[PDB]
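Residue-level structural notes
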Amino acid sequence: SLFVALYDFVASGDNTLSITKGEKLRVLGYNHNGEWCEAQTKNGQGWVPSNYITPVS
């Protein structure tokens, strides 16, 4: 299924993705594993940990 943004994030570098909590951020692609998944933001883009995003179920 698809997951939505749950917890917020904090800047780090030119790779991470700083977003807000309960924000509209869904995973589009993965890192080819169950570690991290790449997501996009209305502001820009960046990486997003699955530990910061949960499924819709």
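Residues numbered from 1 in each chain as written, not as in the entry; some residues may be left out. Heavy atoms only, no water.

This entry lists solution NMR as its structure determination method.

Going by the annotation in the PDB entry, the name recorded for the protein chain is ABL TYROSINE KINASE, with Homo sapiens given as the source organism.

This part is about unusual backbone geometry. The phi torsion at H32 lies on the positive side, around 70°, for a residue other than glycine. Among the secondary structure elements, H32 is positioned in the loop between β2 (27–30) and β3 (36–40). (Helix = DSSP H or I, 4+ residues; strand = E, 2+ residues; numbered from the N terminus.)

Let's shift gears to the pairing of β3. Two faces make up the sheet, and in a regular strand the side chains alternate between them. Burial of the side chains of β3 is restricted to one face: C37 and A39 are buried, whereas none of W36, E38 and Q40 on the reverse face is. In the sheet, β2 pairs with β3 via three bridges, with the strands oriented antiparallel. Residue pairing in the sheet places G29 in a bridge with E38 of β3. Pairing geometry for β3 and strand β4 (residues 45–49), over five bridges, is antiparallel. Residue pairing across strands places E38 opposite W47, the latter belonging to β4. Where β3 hands over to β4, the hairpin turn is made up of four residues, counted between the paired strands. (Buried < 20%, exposed > 50% of the residue type's maximum accessible area, 1.4 Å probe, protein only. Pairing = 2+ DSSP bridges.)

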